[PDB]
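Colleague: One structure coming up, written as structure tokens, with questions to follow.
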Amino acid sequence: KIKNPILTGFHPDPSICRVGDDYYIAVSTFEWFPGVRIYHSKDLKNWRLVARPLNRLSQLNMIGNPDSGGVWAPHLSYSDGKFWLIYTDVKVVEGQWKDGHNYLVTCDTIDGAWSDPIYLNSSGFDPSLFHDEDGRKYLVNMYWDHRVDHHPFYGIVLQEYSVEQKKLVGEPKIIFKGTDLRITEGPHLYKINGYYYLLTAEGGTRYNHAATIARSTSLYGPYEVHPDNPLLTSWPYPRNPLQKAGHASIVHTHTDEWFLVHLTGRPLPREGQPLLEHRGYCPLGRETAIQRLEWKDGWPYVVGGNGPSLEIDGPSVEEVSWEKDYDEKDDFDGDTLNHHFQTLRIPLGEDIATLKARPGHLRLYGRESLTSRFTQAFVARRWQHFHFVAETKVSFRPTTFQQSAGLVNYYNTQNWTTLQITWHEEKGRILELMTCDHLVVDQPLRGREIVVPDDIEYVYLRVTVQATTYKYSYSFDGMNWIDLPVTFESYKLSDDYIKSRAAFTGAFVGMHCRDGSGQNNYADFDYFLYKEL
Amino acid sequence: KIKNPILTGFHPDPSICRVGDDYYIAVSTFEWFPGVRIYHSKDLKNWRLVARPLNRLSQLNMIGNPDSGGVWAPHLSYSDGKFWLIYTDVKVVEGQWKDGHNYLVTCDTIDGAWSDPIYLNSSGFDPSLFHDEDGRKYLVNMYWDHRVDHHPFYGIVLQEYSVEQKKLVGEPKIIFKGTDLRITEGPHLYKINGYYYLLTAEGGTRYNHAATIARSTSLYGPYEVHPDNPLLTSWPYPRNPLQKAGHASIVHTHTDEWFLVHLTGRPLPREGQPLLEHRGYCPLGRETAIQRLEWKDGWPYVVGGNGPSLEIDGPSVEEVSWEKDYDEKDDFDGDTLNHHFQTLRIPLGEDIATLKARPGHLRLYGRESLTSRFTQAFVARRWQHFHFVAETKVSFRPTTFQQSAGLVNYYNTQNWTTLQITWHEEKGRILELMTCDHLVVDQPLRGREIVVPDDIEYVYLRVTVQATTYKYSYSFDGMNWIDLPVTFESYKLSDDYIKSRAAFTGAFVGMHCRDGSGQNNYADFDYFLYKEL
Amino acid sequence: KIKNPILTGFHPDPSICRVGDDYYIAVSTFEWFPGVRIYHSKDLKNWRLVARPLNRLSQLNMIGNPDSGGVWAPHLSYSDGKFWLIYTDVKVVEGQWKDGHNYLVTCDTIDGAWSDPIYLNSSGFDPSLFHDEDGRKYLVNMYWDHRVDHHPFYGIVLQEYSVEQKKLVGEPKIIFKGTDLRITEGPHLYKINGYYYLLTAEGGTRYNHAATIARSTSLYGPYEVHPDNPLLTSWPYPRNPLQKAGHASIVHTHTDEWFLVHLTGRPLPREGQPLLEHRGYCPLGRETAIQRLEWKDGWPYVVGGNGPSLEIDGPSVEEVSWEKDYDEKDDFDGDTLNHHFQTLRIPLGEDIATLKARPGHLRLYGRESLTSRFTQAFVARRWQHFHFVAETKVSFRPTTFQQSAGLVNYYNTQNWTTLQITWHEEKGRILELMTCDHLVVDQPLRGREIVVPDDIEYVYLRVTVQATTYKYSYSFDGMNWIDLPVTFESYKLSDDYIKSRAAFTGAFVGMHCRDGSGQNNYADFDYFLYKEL
Ligand SMILES: [Ca+2]
Ligand SMILES: [Ca+2]
Ligand SMILES: [Ca+2]
């Protein structure tokens, strides 16, 4: 029935929420705006994107945020007639500190206008809101220890949240220190039988990742750990196509069944490589998967052992699937950008991105370079398959080398590749390739750039991705295409390749326009095509 | 009569401006808020701070800005009965790009409410406005080349500025490529006798720094280079106490005399070290000096060779000295912080820094770590001398290791040291040392931390800087001091030590409070003492 | 019956050989001279050093050899009335190449004058001689692939050796490529039942290490791999005190029993650290352990699962215990240095190290520094316990800072610490600490070196190692001891700390004398003491 991953491409930290017979999963979005994606399902198999809650500067202001800062793991719940969304804005992501703030927003409906944030605390990321049976509310999060002689993951902190006073009350207490896997994060609380069950993520979000579960009769512990912990992990299964299994959340369905959603990374093919030396590269980032849970002696168990199954049995409900929510060829005739498109850190107003200036075209007025954490005229969508084609049609007339416009394959500000139109003193308006690898830039078509003829209005730009490798191509007419003689490697756009280890997103493909002279020069994009192959 | 530097500690890129018998210098301030410091003098010997023009978010919004980003070289001038201040907000300071924006503000007076900014261009930093003798205005700046096969300093660009239209009009034109020293920046135009003189900075702002001058009978050139260029440089003078002489501006006094203000670095004592191997470390950063000029065959000449002299002859005027504009022991009596104190990137409101919460105390409500480019509860002043003592007295009750308050000696987010009060599980409230060196943190007193007794209201914190080294000491009663047994090295808080190259500020000393838990805990500082020894 | 490890401290790549009811283990020695250690046992429990075969420069000339070059995994066998020892001299240990040459030497007895070397090949390390039941002999080793886009471990090459002709004959052929673990290494052939069994090490000699075994009816394959492979590994057993389990050799006992000897690393205590993030630091290097085998369906199985056991049941023989073969306090009254002492790379003659010059003393005439891969006057023995004291008493009169003598804890030329006597211009004869970490040197007692009174003939030097940390101490009278106020960390002298990953030895402690002036000054060491606990 259900084949994993259920949300493919960049969809980390799944937070599942049941309301009656409707099912919702919220995922993390990091530096990508608007914040948080929420998907809806009736059967836990078929998923549609239904909300992007954090879309006002008042809720989320990420200008200047570092790569893989911003919205880390979110928590979605439903109680007292409304949804509650907890999120972080992480400002520091390297060194001894992880400075970040936790906020609560609510909405009567999933896709409404969510409230302005209530500040909660800053003591660590992965905040989660528990609604106890007695009506009381409790916030759990990881607690950050910056000290040099210490492991940073101090455990799980708990504090009561007062709905009336709109603040945390009483005194924060550590309720769980973790197991020897450490890196204890992603806390979630569940009241089942006579017990409070505390789910955590452990071992870090790379190949040692795990989901850990413990139980207590007291909300404050001590929590005893699952006798066969971890509840879930891919670490001891190096051949499993689903790696990095952890950061899970539990759903008890209306049909009295139990399921476990979690993130996973799918490494590129590694034939002829040592199995254990380096466990792979994941250009699709961390995706969402689902597993079935069964119960023994007051403990939940992943059906099929503690490793993640590629295929599972769905809940005992009717199949409810959804119509495709985007066009393979987006011709930009709508009065809104398709919701699969995102921008970096900030919303782009009509002065930067516009569908209005020229009907049938997305106009991007050139801003800063692809290395800027501030203002980029860049509109992009996730890689969601290993094998796909992406294509755009653009008219652009740069008057200086400081201006560019192109198709970008992009991981972060220091890691990206592009086929772009720019200007050259001798050759005039040209086509070139440009790559950025850990801030180091190369121009591989150096001295051999494609001259664009004065009479060509639209340049056609394409990328064809084939698992491990990809190639750029172009056309001046839309029918006859020419390969550019450079083979690119998809592993360079993966979490695992990034040397900072603050690498929590995934590859995007999109349309960019830069104007470094500040003359407000723009490019018109007639369509954007994304098609799985 | 005039001893250099005239402005000590962090005071780079002096832009001099004459209005009658009044003289003003504007210097760059980078990430430090508010933007730009303007000093006033009558005699060019004695200088007083009179303006801090960029004090509104509408003018300068640097949250998230990289270290040594923000406000680079400013340009101050006076024309048509008003002051004209040109400045940059530089967003990217490493790699192939230098994303940054150029703005103009004006004020009828030096110390009034400067206008909201008019956006100029983005083509490169070091913008300068020229007021031609016919009433037309011209902007010159550097033109940035990001290409791999190319030197970044494409030369000097010029475009007319329309006062009435509030924008640049016509087409931008490169008027000068520079000499073979390259790194052509800091352009300033002057109409003298019958020539347009173009003064540039070349060689880079390190030890190869130079001031290059050229002239043309046409504004658009071609420009002919001074026959004995550089006009000013320190490079051939390795024994000169004033290094890095460059980025100059020219004043013609009301006494028909000519001077040249310039930045300079003052390396720490390096007796016994090889003269040319490494030319020094400057913790006072780039400071402002002044040279005398003389004219020979339509060319200005720095008096006493093209190297900077330590002492010059002042202009033919009466000496006017100023009263001391800060207290040695600032007891925080005013309803405003002394103008030598600045904040990082952003203004701090009364929710973060206040003199109103506890009379005669600066209260700092704890925010993010010393590594944050976002919101730090940090109030600091420049090291302005090689030998000094700085001291504070603070009330602070931390309830967690997530909270701290202390005395900080600070270069940037990744380079600093501190004597701070925090909390320890076993020891309770404690004093400790902490250093950060290129993001790597050490805690020199780990396991040896100073236990602060419960009955102690105030902890006194002291730093004593003796040129190449400094030491922290503490006291519980204000009378009996104990040195902490660790000797620090001042060269680690210097421009020349920072491996990024983007190191354009200088050492500061100040008061910090962090609350990483988000509980709004605060520290009350009774006084701040800074005294030259 | 038997507690692991059986050979403690630096004892990697065990090659076991049975001759009747005598058992022999040879281990690798890398840059330490003489080459190869052979231990003897009757019961597999108690082991005594009996031979150091490679003691002539004709056999082993290692001057200039890089750290962790020289003698890699050896192979010891017995057939046709003599012992056969195969060894490598590895010259290149970093980069695409691993240049090294394989040699055979023979001796009628374990401890006699071994023959001069018969050169064999250079196709890759871990050579092993097989003696087929039909009186023919074949060499197996790993095949080295230097190519830029190739895994260097091409597999196992096999080739016949001819006794009469003193060389290899016929055609070389690959018999095994390995499993997905790769890094295929340490091949050994055994004829058991109707199958040839080929044993290899896979996964690399760090935490992914395994022993792999396969079988075939033909000497040339194809080899089918053990269905429950690996035969032995510590990888899926992160809590096991014995890690890196692999590079095994098989013994069949005169009692019709089967055992597997292997190398293993025992990480230092790491309480509070993430189980999987970094699996540990092993200052005792790679040690020798022993496992029991059983047979099931024509395949051998490690008794007690495929992870290594800490305690095993040895073979049904009478226990034969050995007398201690060194004095706790070696007073240097003997004619020759105790055989637990080794020198770096080369033998040291009486011109450098001698027990004859000064009765009751080991005299070292100073040579090159601790960073020299050529001639060091350095006599050292293995760290063999996590908790020990080592101590010496030395007479030394340096006349220049170019001269030193002291007690050294040493990993390689770039990684060591020492308490040493030297000379200072103003203080004169001093005692100081010095450390070297990846070539970076520190003097942590700089400016506070201990003045040695001129009337003191002997300085007493001590190190006390307590698992994760150690401290040096000194005395002038041998009764009253003062700690030097620096705590050192044992992990910095471990295989796992070394950045080059050519780190195959272990920590040593010994006596050193340097004379950088060439005045042939010397140090007289009265005793050397090593004591567990
Ligand atoms: Ca269209
Ligand atoms: Ca006061
Ligand atoms: Ca003796």
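Quick note on naming: the chains in the structure tokens go A, B, ... in the order shown, residues restart at 1 in each chain, and ligands are numbered from 1 in order of appearance.
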Should the cut-off be 12 Å, what would the residue list for chain A against chain C look like, counting only C-alpha atoms, as a VMD selection string?
Modeller: chain A and resid 149 to 155 177 to 184 202 to 210 234 to 239 270 to 279
Colleague: Which residues are near ligand 2 in this structure, taking near to mean any atom at most 6 Å from a ligand atom and counting only C-alpha atoms and all ligand atoms? Format them as an mmCIF file with N, CA, C and O atoms, in the first residue's frame.
Modeller:
```
data_model
loop_
_atom_site.group_PDB
_atom_site.id
_atom_site.type_symbol
_atom_site.label_atom_id
_atom_site.label_comp_id
_atom_site.auth_asym_id
_atom_site.auth_seq_id
_atom_site.Cartn_x
_atom_site.Cartn_y
_atom_site.Cartn_z
ATOM 1 N N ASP B 331 29.532 56.774 35.930
ATOM 2 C CA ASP B 331 28.573 56.181 36.872
ATOM 3 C C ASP B 331 27.149 56.019 36.351
ATOM 4 O O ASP B 331 26.249 55.664 37.117
ATOM 5 N N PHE B 332 26.957 56.238 35.051
ATOM 6 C CA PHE B 332 25.645 56.089 34.395
ATOM 7 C C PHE B 332 24.584 57.015 35.007
ATOM 8 O O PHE B 332 23.506 56.571 35.402
ATOM 9 N N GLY B 360 20.991 55.127 38.265
ATOM 10 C CA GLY B 360 22.446 55.118 38.283
ATOM 11 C C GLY B 360 23.072 53.807 37.838
ATOM 12 O O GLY B 360 24.242 53.548 38.126
ATOM 13 N N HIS B 361 22.296 52.974 37.151
ATOM 14 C CA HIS B 361 22.794 51.705 36.638
ATOM 15 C C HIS B 361 22.368 51.541 35.190
ATOM 16 O O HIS B 361 21.253 51.911 34.816
ATOM 17 N N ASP B 526 26.794 49.210 37.742
ATOM 18 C CA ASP B 526 26.786 50.471 38.486
ATOM 19 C C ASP B 526 27.639 51.569 37.832
ATOM 20 O O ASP B 526 27.268 52.745 37.850
ATOM 21 N N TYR B 527 28.779 51.188 37.272
ATOM 22 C CA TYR B 527 29.659 52.126 36.574
ATOM 23 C C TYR B 527 30.480 51.413 35.503
ATOM 24 O O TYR B 527 30.571 50.182 35.498
#
```
Colleague: Can you tell me which residues sit at most 12 Å away from ligand 1, counting only C-alpha atoms and all ligand atoms, written as a PyMOL selection string?
Modeller: chain A and resi 329-335+355-356+358-363+392-395+458+524-529
Colleague: Please, could you write that set of residues out with N, CA and C atoms as a PDB file, in the first residue's frame?
Modeller:
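Dumped everything to selection-v4.pdb:
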```pdb
ATOM      1  N   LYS A 329       4.343  22.169 -16.827  1.00  0.00           N
ATOM      2  CA  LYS A 329       4.766  23.407 -17.447  1.00  0.00           C
ATOM      3  C   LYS A 329       3.947  24.549 -16.846  1.00  0.00           C
ATOM      4  N   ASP A 330       4.547  25.254 -15.892  1.00  0.00           N
ATOM      5  CA  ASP A 330       3.921  26.418 -15.280  1.00  0.00           C
ATOM      6  C   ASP A 330       4.147  27.603 -16.197  1.00  0.00           C
ATOM      7  N   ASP A 331       3.085  28.055 -16.863  1.00  0.00           N
ATOM      8  CA  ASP A 331       3.201  29.170 -17.807  1.00  0.00           C
ATOM      9  C   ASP A 331       3.035  30.571 -17.209  1.00  0.00           C
ATOM     10  N   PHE A 332       2.916  30.640 -15.882  1.00  0.00           N
ATOM     11  CA  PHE A 332       2.853  31.907 -15.130  1.00  0.00           C
ATOM     12  C   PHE A 332       1.663  32.809 -15.490  1.00  0.00           C
ATOM     13  N   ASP A 333       0.514  32.189 -15.747  1.00  0.00           N
ATOM     14  CA  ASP A 333      -0.707  32.916 -16.075  1.00  0.00           C
ATOM     15  C   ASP A 333      -1.547  33.195 -14.834  1.00  0.00           C
ATOM     16  N   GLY A 334      -1.219  32.530 -13.727  1.00  0.00           N
ATOM     17  CA  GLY A 334      -1.911  32.741 -12.458  1.00  0.00           C
ATOM     18  C   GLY A 334      -1.602  34.098 -11.854  1.00  0.00           C
ATOM     19  N   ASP A 335      -2.394  34.505 -10.864  1.00  0.00           N
ATOM     20  CA  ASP A 335      -2.127  35.751 -10.141  1.00  0.00           C
ATOM     21  C   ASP A 335      -1.422  35.490  -8.810  1.00  0.00           C
ATOM     22  N   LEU A 355       4.216  38.802 -11.077  1.00  0.00           N
ATOM     23  CA  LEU A 355       3.460  38.179 -12.157  1.00  0.00           C
ATOM     24  C   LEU A 355       2.564  39.205 -12.859  1.00  0.00           C
ATOM     25  N   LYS A 356       2.594  40.437 -12.358  1.00  0.00           N
ATOM     26  CA  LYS A 356       1.696  41.500 -12.800  1.00  0.00           C
ATOM     27  C   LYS A 356       2.305  42.406 -13.872  1.00  0.00           C
ATOM     28  N   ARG A 358       4.159  41.907 -16.427  1.00  0.00           N
ATOM     29  CA  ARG A 358       4.040  41.361 -17.768  1.00  0.00           C
ATOM     30  C   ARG A 358       3.238  40.067 -17.651  1.00  0.00           C
ATOM     31  N   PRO A 359       1.940  40.114 -18.011  1.00  0.00           N
ATOM     32  CA  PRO A 359       1.108  38.919 -17.884  1.00  0.00           C
ATOM     33  C   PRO A 359       1.748  37.733 -18.595  1.00  0.00           C
ATOM     34  N   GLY A 360       1.613  36.549 -18.007  1.00  0.00           N
ATOM     35  CA  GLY A 360       2.211  35.341 -18.558  1.00  0.00           C
ATOM     36  C   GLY A 360       3.686  35.174 -18.228  1.00  0.00           C
ATOM     37  N   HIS A 361       4.254  36.117 -17.473  1.00  0.00           N
ATOM     38  CA  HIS A 361       5.678  36.073 -17.114  1.00  0.00           C
ATOM     39  C   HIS A 361       5.906  36.349 -15.635  1.00  0.00           C
ATOM     40  N   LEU A 362       6.838  35.614 -15.038  1.00  0.00           N
ATOM     41  CA  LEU A 362       7.330  35.968 -13.718  1.00  0.00           C
ATOM     42  C   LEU A 362       8.514  36.881 -13.958  1.00  0.00           C
ATOM     43  N   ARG A 363       8.408  38.119 -13.478  1.00  0.00           N
ATOM     44  CA  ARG A 363       9.485  39.086 -13.610  1.00  0.00           C
ATOM     45  C   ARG A 363      10.270  39.132 -12.315  1.00  0.00           C
ATOM     46  N   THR A 392      13.384  26.377 -18.122  1.00  0.00           N
ATOM     47  CA  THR A 392      12.832  27.738 -18.131  1.00  0.00           C
ATOM     48  C   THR A 392      13.098  28.495 -19.444  1.00  0.00           C
ATOM     49  N   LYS A 393      12.231  29.462 -19.742  1.00  0.00           N
ATOM     50  CA  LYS A 393      12.340  30.314 -20.928  1.00  0.00           C
ATOM     51  C   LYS A 393      12.431  31.771 -20.475  1.00  0.00           C
ATOM     52  N   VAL A 394      13.552  32.422 -20.768  1.00  0.00           N
ATOM     53  CA  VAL A 394      13.831  33.747 -20.210  1.00  0.00           C
ATOM     54  C   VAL A 394      14.311  34.765 -21.248  1.00  0.00           C
ATOM     55  N   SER A 395      13.798  35.992 -21.151  1.00  0.00           N
ATOM     56  CA  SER A 395      14.342  37.118 -21.907  1.00  0.00           C
ATOM     57  C   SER A 395      15.052  38.081 -20.970  1.00  0.00           C
ATOM     58  N   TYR A 458      14.116  35.160 -26.380  1.00  0.00           N
ATOM     59  CA  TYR A 458      14.071  34.205 -25.279  1.00  0.00           C
ATOM     60  C   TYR A 458      15.169  33.152 -25.376  1.00  0.00           C
ATOM     61  N   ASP A 524      12.514  38.378 -17.527  1.00  0.00           N
ATOM     62  CA  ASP A 524      11.165  37.855 -17.629  1.00  0.00           C
ATOM     63  C   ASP A 524      11.218  36.354 -17.901  1.00  0.00           C
ATOM     64  N   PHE A 525      10.592  35.573 -17.022  1.00  0.00           N
ATOM     65  CA  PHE A 525      10.528  34.121 -17.172  1.00  0.00           C
ATOM     66  C   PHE A 525       9.140  33.703 -17.652  1.00  0.00           C
ATOM     67  N   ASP A 526       9.070  33.162 -18.868  1.00  0.00           N
ATOM     68  CA  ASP A 526       7.784  32.848 -19.498  1.00  0.00           C
ATOM     69  C   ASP A 526       7.147  31.587 -18.928  1.00  0.00           C
ATOM     70  N   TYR A 527       7.961  30.570 -18.648  1.00  0.00           N
ATOM     71  CA  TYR A 527       7.468  29.399 -17.931  1.00  0.00           C
ATOM     72  C   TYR A 527       8.546  28.738 -17.078  1.00  0.00           C
ATOM     73  N   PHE A 528       8.099  27.878 -16.168  1.00  0.00           N
ATOM     74  CA  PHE A 528       8.999  26.992 -15.444  1.00  0.00           C
ATOM     75  C   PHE A 528       8.445  25.578 -15.473  1.00  0.00           C
ATOM     76  N   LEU A 529       9.258  24.654 -15.984  1.00  0.00           N
ATOM     77  CA  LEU A 529       8.848  23.264 -16.147  1.00  0.00           C
ATOM     78  C   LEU A 529       9.633  22.358 -15.208  1.00  0.00           C
TER      79      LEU A 529
END
```
Colleague: Can you pull out the residues contacting residue 195 (chain A)? Cut-off 6 Å, using only C-alpha atoms, and skip same-chain residues under 3 positions away; I want them as a PyMOL selection string.
Modeller: chain A and resi 191-192+216-217
Colleague: What would the file look like if the residues just selected were written as an mmCIF file, in the first residue's frame with C-alpha atoms?
Modeller:
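Result saved to again-v5.cif:
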```
data_model
loop_
_atom_site.group_PDB
_atom_site.id
_atom_site.type_symbol
_atom_site.label_atom_id
_atom_site.label_comp_id
_atom_site.auth_asym_id
_atom_site.auth_seq_id
_atom_site.Cartn_x
_atom_site.Cartn_y
_atom_site.Cartn_z
ATOM 1 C CA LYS A 191 -0.449 9.993 27.480
ATOM 2 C CA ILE A 192 -1.127 6.308 26.848
ATOM 3 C CA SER A 216 6.895 7.251 33.327
ATOM 4 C CA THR A 217 3.835 7.607 35.545
#
```
Colleague: Any idea what's packed within 6 Å of residue 232 (chain A), counting only C-alpha atoms, ignoring anything in its chain fewer than 5 positions away? Could you give it as a ChimeraX atom specification?
Modeller: /A:210-211,306-307
Colleague: Between C:64, C:465, C:499, C:41, which residue has the minimum interatomic distance to residue 438 (chain C), considering only C-alpha atoms?
Modeller: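 Nearest to residue 438 (chain C): C:499.
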Colleague: Region 184-293 of chain A: which residues are strand (DSSP E or B) by DSSP, as a CSV table (one decimal) with C-alpha atoms, in the first residue's frame?
Modeller:
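To be explicit, this is the file written out as result17.csv:
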```csv
chain,number,residue,atom,x,y,z
A,185,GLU,CA,16.5,16.1,20.8
A,186,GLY,CA,13.0,16.1,19.3
A,187,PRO,CA,11.0,15.5,22.5
A,188,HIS,CA,7.3,14.6,22.2
A,189,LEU,CA,4.9,13.6,25.0
A,190,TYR,CA,2.0,11.1,24.8
A,191,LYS,CA,-0.4,10.0,27.5
A,192,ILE,CA,-1.1,6.3,26.8
A,195,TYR,CA,1.9,6.3,31.4
A,196,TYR,CA,3.5,9.4,30.0
A,197,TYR,CA,5.6,8.3,27.0
A,198,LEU,CA,8.5,10.5,26.0
A,199,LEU,CA,9.7,10.1,22.5
A,200,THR,CA,13.1,11.6,21.6
A,201,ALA,CA,15.5,11.7,18.6
A,202,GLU,CA,19.1,10.6,19.4
A,210,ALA,CA,17.6,7.0,16.1
A,211,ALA,CA,14.2,7.4,17.7
A,212,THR,CA,14.2,6.6,21.4
A,213,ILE,CA,11.2,6.1,23.7
A,214,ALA,CA,10.7,6.1,27.4
A,215,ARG,CA,7.8,6.0,29.9
A,216,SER,CA,6.9,7.3,33.3
A,224,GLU,CA,12.4,4.2,32.0
A,225,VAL,CA,13.7,3.5,28.5
A,232,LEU,CA,13.8,3.1,15.2
A,233,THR,CA,17.2,3.5,13.5
A,243,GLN,CA,19.1,5.8,6.1
A,244,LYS,CA,19.2,8.4,8.9
A,245,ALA,CA,15.9,7.1,10.4
A,246,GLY,CA,14.9,9.2,13.4
A,247,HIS,CA,13.1,12.4,14.6
A,248,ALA,CA,9.8,10.6,14.7
A,249,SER,CA,6.2,11.4,15.9
A,250,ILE,CA,3.5,9.0,16.8
A,251,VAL,CA,-0.1,8.9,15.5
A,252,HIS,CA,-3.0,6.9,17.1
A,258,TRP,CA,-0.6,3.2,15.5
A,259,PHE,CA,1.9,4.7,13.1
A,260,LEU,CA,5.3,6.4,13.3
A,261,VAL,CA,6.4,9.2,10.9
A,262,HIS,CA,10.1,10.0,10.8
A,263,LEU,CA,12.8,11.6,8.6
A,264,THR,CA,15.1,9.5,6.4
A,265,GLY,CA,17.9,10.2,3.9
A,287,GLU,CA,12.5,13.2,3.5
A,288,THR,CA,9.4,12.0,5.4
A,289,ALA,CA,8.6,8.3,5.9
A,290,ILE,CA,6.0,6.3,7.8
A,291,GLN,CA,6.0,3.0,9.8
A,292,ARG,CA,3.5,0.8,11.6
A,293,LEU,CA,3.6,0.4,15.3
```
Colleague: Calculate how many Å separate CA of residue 462 (chain B) from CA of residue 449 (chain B), rounding to one decimal.
Modeller: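 Computing the Euclidean distance for CA of residue 462 (chain B) and CA of residue 449 (chain B) yields 16.5 Å.
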Colleague: Write out as an MDAnalysis selection string the residues lying within 12 Å of residue 115 (chain A), counting only C-alpha atoms and excluding same-chain residues fewer than 5 positions away.
Modeller: chainID A and resid 53:56 58:60 82:86 103:110
